[PDB]
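Data file: query-v3.cif. Format and content: mmCIF, N, CA and C atoms.
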```cif
data_query
loop_
_atom_site.label_atom_id
_atom_site.label_comp_id
_atom_site.auth_asym_id
_atom_site.auth_seq_id
_atom_site.Cartn_x
_atom_site.Cartn_y
_atom_site.Cartn_z
N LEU A 1 21.72 -51.43 -7.08
CA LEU A 1 23.09 -51.35 -6.61
C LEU A 1 24.01 -52.36 -7.31
N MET A 2 23.57 -53.61 -7.38
CA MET A 2 24.33 -54.65 -8.07
C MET A 2 24.17 -54.53 -9.58
N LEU A 3 24.21 -53.28 -10.05
CA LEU A 3 24.14 -52.97 -11.47
C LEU A 3 24.75 -51.59 -11.63
N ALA A 4 24.82 -50.85 -10.53
CA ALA A 4 25.48 -49.55 -10.51
C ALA A 4 26.98 -49.79 -10.39
N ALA A 5 27.35 -50.90 -9.78
CA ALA A 5 28.75 -51.31 -9.72
C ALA A 5 29.21 -51.75 -11.11
N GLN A 6 28.35 -52.47 -11.82
CA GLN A 6 28.64 -52.90 -13.18
C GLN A 6 28.55 -51.71 -14.13
N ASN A 7 28.62 -50.51 -13.57
CA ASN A 7 28.52 -49.28 -14.35
C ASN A 7 29.75 -48.40 -14.15
N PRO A 8 30.26 -47.83 -15.25
CA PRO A 8 31.42 -46.93 -15.24
C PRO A 8 31.08 -45.56 -14.68
N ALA A 9 29.92 -45.03 -15.08
CA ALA A 9 29.54 -43.65 -14.81
C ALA A 9 29.39 -43.29 -13.33
N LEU A 10 29.05 -44.26 -12.49
CA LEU A 10 28.77 -43.97 -11.09
C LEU A 10 29.69 -44.71 -10.13
N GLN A 11 29.96 -44.08 -8.99
CA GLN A 11 30.80 -44.68 -7.96
C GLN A 11 30.34 -44.27 -6.57
N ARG A 12 30.30 -45.24 -5.67
CA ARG A 12 29.92 -45.01 -4.28
C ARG A 12 28.40 -44.95 -4.13
N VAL A 13 27.71 -45.76 -4.92
CA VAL A 13 26.25 -45.84 -4.84
C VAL A 13 25.82 -46.65 -3.62
N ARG A 14 25.55 -45.95 -2.52
CA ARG A 14 25.07 -46.59 -1.31
C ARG A 14 23.55 -46.42 -1.15
N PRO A 15 22.94 -47.21 -0.26
CA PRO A 15 21.54 -46.99 0.10
C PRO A 15 21.44 -46.17 1.38
N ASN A 16 20.61 -45.14 1.38
CA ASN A 16 20.34 -44.40 2.60
C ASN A 16 19.24 -45.12 3.39
N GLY A 17 19.42 -45.25 4.69
CA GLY A 17 18.47 -45.98 5.51
C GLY A 17 18.92 -47.41 5.75
N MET A 18 18.67 -47.90 6.96
CA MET A 18 19.17 -49.20 7.38
C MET A 18 18.46 -50.36 6.70
N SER A 19 19.08 -51.54 6.74
CA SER A 19 18.53 -52.72 6.08
C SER A 19 17.90 -53.70 7.06
N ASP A 20 17.26 -54.73 6.53
CA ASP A 20 16.48 -55.67 7.33
C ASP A 20 17.26 -56.35 8.46
N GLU A 21 16.61 -56.44 9.62
CA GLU A 21 17.17 -57.11 10.78
C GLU A 21 16.33 -58.32 11.15
N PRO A 22 16.89 -59.24 11.94
CA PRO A 22 16.06 -60.34 12.44
C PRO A 22 15.05 -59.81 13.45
N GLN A 23 13.79 -60.19 13.28
CA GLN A 23 12.75 -59.79 14.22
C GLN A 23 12.13 -61.02 14.87
N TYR A 24 11.82 -60.90 16.15
CA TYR A 24 11.20 -61.99 16.90
C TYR A 24 9.67 -61.92 16.85
N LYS A 25 9.08 -62.70 15.95
CA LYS A 25 7.64 -62.70 15.78
C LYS A 25 6.94 -63.56 16.82
N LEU A 26 6.13 -62.94 17.67
CA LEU A 26 5.25 -63.69 18.56
C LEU A 26 4.15 -64.34 17.74
N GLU A 27 3.46 -65.32 18.31
CA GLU A 27 2.33 -65.94 17.63
C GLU A 27 1.37 -66.62 18.59
N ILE A 28 0.60 -65.81 19.31
CA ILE A 28 -0.34 -66.31 20.30
C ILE A 28 -1.45 -67.12 19.66
N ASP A 29 -1.84 -68.21 20.31
CA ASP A 29 -2.82 -69.15 19.76
C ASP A 29 -4.24 -68.82 20.20
N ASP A 30 -5.01 -68.24 19.28
CA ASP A 30 -6.37 -67.79 19.56
C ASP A 30 -7.23 -68.92 20.12
N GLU A 31 -6.83 -70.16 19.87
CA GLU A 31 -7.58 -71.32 20.34
C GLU A 31 -7.21 -71.69 21.76
N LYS A 32 -5.98 -72.17 21.95
CA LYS A 32 -5.51 -72.56 23.27
C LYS A 32 -5.75 -71.46 24.30
N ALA A 33 -5.69 -70.21 23.86
CA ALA A 33 -5.88 -69.08 24.75
C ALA A 33 -7.27 -69.09 25.37
N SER A 34 -8.28 -69.26 24.52
CA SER A 34 -9.67 -69.31 24.98
C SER A 34 -9.93 -70.62 25.70
N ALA A 35 -9.24 -71.67 25.27
CA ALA A 35 -9.33 -72.97 25.92
C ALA A 35 -9.06 -72.80 27.41
N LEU A 36 -7.88 -72.27 27.74
CA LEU A 36 -7.54 -72.02 29.12
C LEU A 36 -8.53 -71.04 29.75
N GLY A 37 -9.03 -70.11 28.94
CA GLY A 37 -10.02 -69.16 29.41
C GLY A 37 -9.50 -67.74 29.44
N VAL A 38 -8.33 -67.53 28.84
CA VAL A 38 -7.73 -66.20 28.75
C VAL A 38 -8.27 -65.45 27.53
N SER A 39 -8.71 -64.22 27.74
CA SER A 39 -9.22 -63.40 26.64
C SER A 39 -8.07 -62.79 25.85
N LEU A 40 -8.29 -62.56 24.56
CA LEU A 40 -7.27 -61.95 23.73
C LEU A 40 -6.99 -60.52 24.20
N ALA A 41 -8.04 -59.82 24.62
CA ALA A 41 -7.89 -58.47 25.14
C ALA A 41 -6.79 -58.40 26.21
N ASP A 42 -6.85 -59.31 27.17
CA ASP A 42 -5.91 -59.34 28.28
C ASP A 42 -4.51 -59.79 27.85
N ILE A 43 -4.44 -60.65 26.84
CA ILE A 43 -3.16 -61.18 26.39
C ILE A 43 -2.35 -60.13 25.66
N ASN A 44 -3.02 -59.35 24.82
CA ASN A 44 -2.38 -58.24 24.12
C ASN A 44 -2.04 -57.13 25.10
N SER A 45 -3.07 -56.59 25.73
CA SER A 45 -2.90 -55.51 26.70
C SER A 45 -1.80 -55.81 27.71
N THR A 46 -1.51 -57.09 27.91
CA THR A 46 -0.49 -57.48 28.87
C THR A 46 0.89 -57.54 28.22
N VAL A 47 0.95 -58.05 27.00
CA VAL A 47 2.20 -58.07 26.25
C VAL A 47 2.60 -56.64 25.89
N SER A 48 1.61 -55.75 25.83
CA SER A 48 1.86 -54.34 25.62
C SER A 48 2.58 -53.75 26.82
N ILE A 49 1.82 -53.42 27.86
CA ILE A 49 2.37 -52.74 29.03
C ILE A 49 3.64 -53.40 29.57
N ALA A 50 3.77 -54.70 29.39
CA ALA A 50 4.94 -55.42 29.88
C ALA A 50 6.18 -55.06 29.08
N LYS B 1 -17.14 -67.17 19.50
CA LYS B 1 -17.66 -67.91 20.64
C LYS B 1 -17.36 -69.40 20.52
N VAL B 2 -16.86 -69.98 21.60
CA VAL B 2 -16.57 -71.41 21.66
C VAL B 2 -17.59 -72.15 22.53
N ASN B 3 -18.54 -72.80 21.88
CA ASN B 3 -19.55 -73.58 22.58
C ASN B 3 -18.91 -74.68 23.42
N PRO B 4 -19.37 -74.84 24.67
CA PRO B 4 -18.75 -75.70 25.69
C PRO B 4 -18.28 -77.05 25.17
N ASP B 5 -19.02 -77.65 24.23
CA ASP B 5 -18.69 -78.98 23.74
C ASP B 5 -17.45 -79.02 22.83
N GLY B 6 -16.31 -78.60 23.38
CA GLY B 6 -15.05 -78.64 22.67
C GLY B 6 -15.12 -78.21 21.22
N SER B 7 -15.77 -77.08 20.97
CA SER B 7 -15.94 -76.57 19.61
C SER B 7 -15.87 -75.05 19.57
N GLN B 8 -15.78 -74.50 18.36
CA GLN B 8 -15.65 -73.05 18.19
C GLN B 8 -16.44 -72.52 16.99
N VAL B 9 -16.90 -71.28 17.10
CA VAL B 9 -17.59 -70.63 16.00
C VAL B 9 -16.85 -69.38 15.51
N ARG B 10 -16.52 -69.37 14.22
CA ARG B 10 -15.81 -68.25 13.64
C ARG B 10 -16.71 -67.38 12.77
N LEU B 11 -16.25 -66.17 12.46
CA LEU B 11 -17.05 -65.19 11.73
C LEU B 11 -17.55 -65.74 10.40
N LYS B 12 -17.02 -66.89 10.01
CA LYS B 12 -17.41 -67.50 8.75
C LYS B 12 -18.81 -68.09 8.87
N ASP B 13 -19.17 -68.46 10.09
CA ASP B 13 -20.42 -69.16 10.36
C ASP B 13 -21.58 -68.19 10.64
N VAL B 14 -21.28 -66.90 10.60
CA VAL B 14 -22.27 -65.87 10.91
C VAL B 14 -22.42 -64.84 9.80
N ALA B 15 -21.38 -64.65 9.01
CA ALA B 15 -21.41 -63.65 7.95
C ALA B 15 -20.68 -64.10 6.69
N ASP B 16 -20.76 -63.27 5.65
CA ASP B 16 -19.99 -63.47 4.43
C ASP B 16 -18.92 -62.39 4.37
N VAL B 17 -17.71 -62.76 3.98
CA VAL B 17 -16.60 -61.83 3.98
C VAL B 17 -16.08 -61.60 2.57
N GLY B 18 -15.59 -60.39 2.31
CA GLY B 18 -15.03 -60.06 1.01
C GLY B 18 -14.73 -58.59 0.83
N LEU B 19 -13.97 -58.26 -0.20
CA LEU B 19 -13.67 -56.87 -0.51
C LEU B 19 -14.83 -56.27 -1.28
N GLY B 20 -15.31 -55.12 -0.82
CA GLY B 20 -16.39 -54.42 -1.48
C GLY B 20 -16.30 -52.94 -1.23
N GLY B 21 -17.20 -52.18 -1.84
CA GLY B 21 -17.19 -50.74 -1.70
C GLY B 21 -17.15 -50.24 -0.26
N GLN B 22 -16.46 -49.12 -0.05
CA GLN B 22 -16.45 -48.46 1.25
C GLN B 22 -17.70 -47.61 1.36
N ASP B 23 -18.29 -47.33 0.21
CA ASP B 23 -19.56 -46.62 0.13
C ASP B 23 -20.22 -47.01 -1.18
N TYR B 24 -21.29 -47.81 -1.10
CA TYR B 24 -21.92 -48.34 -2.30
C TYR B 24 -22.81 -47.32 -2.99
N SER B 25 -22.87 -46.12 -2.42
CA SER B 25 -23.79 -45.09 -2.89
C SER B 25 -23.53 -44.62 -4.32
N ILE B 26 -22.52 -43.77 -4.48
CA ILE B 26 -22.28 -43.12 -5.76
C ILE B 26 -21.49 -44.00 -6.72
N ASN B 27 -21.98 -44.07 -7.96
CA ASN B 27 -21.42 -44.93 -8.99
C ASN B 27 -21.46 -44.23 -10.33
N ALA B 28 -20.80 -44.80 -11.33
CA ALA B 28 -20.69 -44.14 -12.62
C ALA B 28 -20.33 -45.09 -13.74
N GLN B 29 -20.63 -44.68 -14.97
CA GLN B 29 -20.07 -45.35 -16.14
C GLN B 29 -20.01 -44.37 -17.31
N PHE B 30 -19.42 -44.82 -18.42
CA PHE B 30 -19.01 -43.91 -19.47
C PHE B 30 -19.27 -44.49 -20.86
N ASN B 31 -20.19 -43.86 -21.59
CA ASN B 31 -20.60 -44.34 -22.90
C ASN B 31 -21.20 -45.75 -22.83
N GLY B 32 -21.62 -46.15 -21.64
CA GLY B 32 -22.24 -47.44 -21.44
C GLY B 32 -21.39 -48.38 -20.61
N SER B 33 -20.12 -48.47 -20.96
CA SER B 33 -19.20 -49.38 -20.28
C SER B 33 -19.03 -49.01 -18.81
N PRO B 34 -18.75 -50.01 -17.96
CA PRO B 34 -18.48 -49.76 -16.55
C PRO B 34 -17.24 -48.89 -16.41
N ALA B 35 -17.34 -47.82 -15.64
CA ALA B 35 -16.22 -46.91 -15.50
C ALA B 35 -16.20 -46.24 -14.14
N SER B 36 -15.07 -45.62 -13.81
CA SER B 36 -15.00 -44.78 -12.63
C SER B 36 -14.35 -43.45 -12.96
N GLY B 37 -14.45 -42.51 -12.03
CA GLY B 37 -13.92 -41.20 -12.25
C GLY B 37 -13.65 -40.43 -10.98
N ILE B 38 -12.66 -39.56 -11.06
CA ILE B 38 -12.35 -38.62 -10.00
C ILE B 38 -12.52 -37.21 -10.59
N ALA B 39 -13.55 -36.50 -10.14
CA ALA B 39 -13.77 -35.14 -10.61
C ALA B 39 -12.92 -34.21 -9.79
N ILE B 40 -12.15 -33.38 -10.48
CA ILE B 40 -11.22 -32.48 -9.81
C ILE B 40 -11.72 -31.05 -9.81
N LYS B 41 -11.76 -30.46 -8.62
CA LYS B 41 -12.21 -29.10 -8.45
C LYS B 41 -10.98 -28.22 -8.26
N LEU B 42 -10.95 -27.10 -8.96
CA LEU B 42 -9.77 -26.24 -8.98
C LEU B 42 -9.64 -25.43 -7.70
N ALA B 43 -8.40 -25.24 -7.26
CA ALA B 43 -8.13 -24.55 -6.00
C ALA B 43 -8.27 -23.05 -6.16
N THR B 44 -9.03 -22.43 -5.27
CA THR B 44 -9.31 -21.01 -5.37
C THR B 44 -8.00 -20.26 -5.61
N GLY B 45 -7.95 -19.49 -6.70
CA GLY B 45 -6.78 -18.68 -7.02
C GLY B 45 -5.85 -19.29 -8.06
N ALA B 46 -6.03 -20.57 -8.35
CA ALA B 46 -5.16 -21.26 -9.28
C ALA B 46 -5.54 -21.01 -10.73
N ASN B 47 -4.71 -21.49 -11.65
CA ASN B 47 -4.91 -21.26 -13.07
C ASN B 47 -5.34 -22.50 -13.83
N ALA B 48 -6.56 -22.50 -14.34
CA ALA B 48 -7.11 -23.67 -15.04
C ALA B 48 -6.13 -24.33 -16.01
N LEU B 49 -5.66 -23.58 -17.00
CA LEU B 49 -4.77 -24.16 -18.01
C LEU B 49 -3.56 -24.82 -17.37
N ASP B 50 -2.96 -24.12 -16.41
CA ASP B 50 -1.77 -24.59 -15.72
C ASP B 50 -2.03 -25.88 -14.97
#
```
Can I see the file as structure tokens?
Amino acid sequence: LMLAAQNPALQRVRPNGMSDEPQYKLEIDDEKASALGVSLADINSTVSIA
Amino acid sequence: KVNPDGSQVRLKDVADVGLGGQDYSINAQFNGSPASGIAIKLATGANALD
């Protein structure tokens, strides 16, 4: 795109489809989780249905 | 598994990990050198030359 503008032959070169958004990445701690005694199975399955 | 004495065991301590064949069975080479190949079977009704 930032080269199609620098071009005479083409005009209105847009991208179809939306662009990147901010995403909230979770990051559960496989260690502390088992420390407390919570299984990963339950932690995922719970963040799922919730 | 995390042994009670404030410690943990990871898959590294039980196995070896790495990228390898999905099926180590069938293999091939060509004129001696290590090689691979995809043999293509023609679709019933199609034209070989084409």
_Atom-to-atom span, atom C of residue 14 of chain B and atom CA of residue 1 of chain B, Å_ =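 Taking atom C of residue 14 of chain B as the start and atom CA of residue 1 of chain B as the end point, the length is 12.2 Å.
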*Go through A:11, A:39, A:45, A:34 one by one, measure the shortest atom-to-atom distance of each to chain B using all atoms listed in the file, and give the residue with the smallest value.*
A:34
*Any idea what's packed within 12 Å of residue 42 of chain A, counting only C-alpha atoms, ignoring anything in its chain fewer than 6 positions away? Could you give it as a PyMOL selection string?*
chain A and resi 28+33-34+48-50
*Run DSSP on the backbone and give me the residues of chain A it puts in alpha helix (DSSP H), as a list in words.*
residues 30, 31, 32, 33, 34, 35, 36, 40, 41, 42, 43, 44, 45, 46, 47, 48 and 49 of chain A
*Show me as JSON, numbers by chain the residues that reach within 12 Å of (-12.7, -66.9, 16.7), counting only C-alpha atoms and using the file's own coordinates.*
{"A": [29, 30, 31, 32, 33, 34, 35, 39, 40], "B": [1, 2, 3, 7, 8, 9, 10, 11, 12, 13, 14]}
Could you please write out, as a tab-separated table (two decimals) with N, CA and C atoms, in the coordinates of the input, every residue of chain B that DSSP assigns to strand (DSSP E)?
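Saved result, part22.tsv, follows:
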```
chain	number	residue	atom	x	y	z
B	29	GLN	N	-20.63	-44.68	-14.97
B	29	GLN	CA	-20.07	-45.35	-16.14
B	29	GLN	C	-20.01	-44.37	-17.31
B	30	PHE	N	-19.42	-44.82	-18.42
B	30	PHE	CA	-19.01	-43.91	-19.47
B	30	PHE	C	-19.27	-44.49	-20.86
B	33	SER	N	-20.12	-48.47	-20.96
B	33	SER	CA	-19.20	-49.38	-20.28
B	33	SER	C	-19.03	-49.01	-18.81
B	34	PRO	N	-18.75	-50.01	-17.96
B	34	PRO	CA	-18.48	-49.76	-16.55
B	34	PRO	C	-17.24	-48.89	-16.41
```
_I want to know what sits within 8 Å of segment 1-3 of chain A, based on only N, CA and C atoms, with residues of the same chain fewer than 2 positions away left out; could you give that as a list in words?_
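After dropping sequence-adjacent residues, the list is residues 5, 6, 7, 8, 13, 14 and 15 of chain A.
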Save the residues we just selected, N, CA and C atoms, as a PDB file, in the frame of the given file?
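Listed below is the output, result-v4.pdb:
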```pdb
ATOM      1  N   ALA A   5      27.350 -50.900  -9.780  1.00  0.00           N
ATOM      2  CA  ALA A   5      28.750 -51.310  -9.720  1.00  0.00           C
ATOM      3  C   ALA A   5      29.210 -51.750 -11.110  1.00  0.00           C
ATOM      4  N   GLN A   6      28.350 -52.470 -11.820  1.00  0.00           N
ATOM      5  CA  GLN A   6      28.640 -52.900 -13.180  1.00  0.00           C
ATOM      6  C   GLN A   6      28.550 -51.710 -14.130  1.00  0.00           C
ATOM      7  N   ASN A   7      28.620 -50.510 -13.570  1.00  0.00           N
ATOM      8  CA  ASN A   7      28.520 -49.280 -14.350  1.00  0.00           C
ATOM      9  C   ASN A   7      29.750 -48.400 -14.150  1.00  0.00           C
ATOM     10  N   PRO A   8      30.260 -47.830 -15.250  1.00  0.00           N
ATOM     11  CA  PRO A   8      31.420 -46.930 -15.240  1.00  0.00           C
ATOM     12  C   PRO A   8      31.080 -45.560 -14.680  1.00  0.00           C
ATOM     13  N   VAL A  13      27.710 -45.760  -4.920  1.00  0.00           N
ATOM     14  CA  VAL A  13      26.250 -45.840  -4.840  1.00  0.00           C
ATOM     15  C   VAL A  13      25.820 -46.650  -3.620  1.00  0.00           C
ATOM     16  N   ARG A  14      25.550 -45.950  -2.520  1.00  0.00           N
ATOM     17  CA  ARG A  14      25.070 -46.590  -1.310  1.00  0.00           C
ATOM     18  C   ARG A  14      23.550 -46.420  -1.150  1.00  0.00           C
ATOM     19  N   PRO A  15      22.940 -47.210  -0.260  1.00  0.00           N
ATOM     20  CA  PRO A  15      21.540 -46.990   0.100  1.00  0.00           C
ATOM     21  C   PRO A  15      21.440 -46.170   1.380  1.00  0.00           C
TER      22      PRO A  15
END
```
Given 6 Å of margin on each side, can you work out the centre and size in Å (one decimal) of an axis-aligned box holding every listed atom of segment 18-27 of chain A, as JSON?
```
{"center_x": 10.3, "center_y": -57.3, "center_z": 12.3, "size_x": 29.8, "size_y": 30.7, "size_z": 24.5}
```
*Would you work out the distance separating atom CA of residue 38 of chain B from atom C of residue 17 of chain B, expressed in Å to one decimal?*
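So the answer is 26.5 Å.
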*Suppose you want the space between atom CA of residue 40 of chain B and atom CA of residue 23 of chain B; what is it in Å?*
19.2 Å
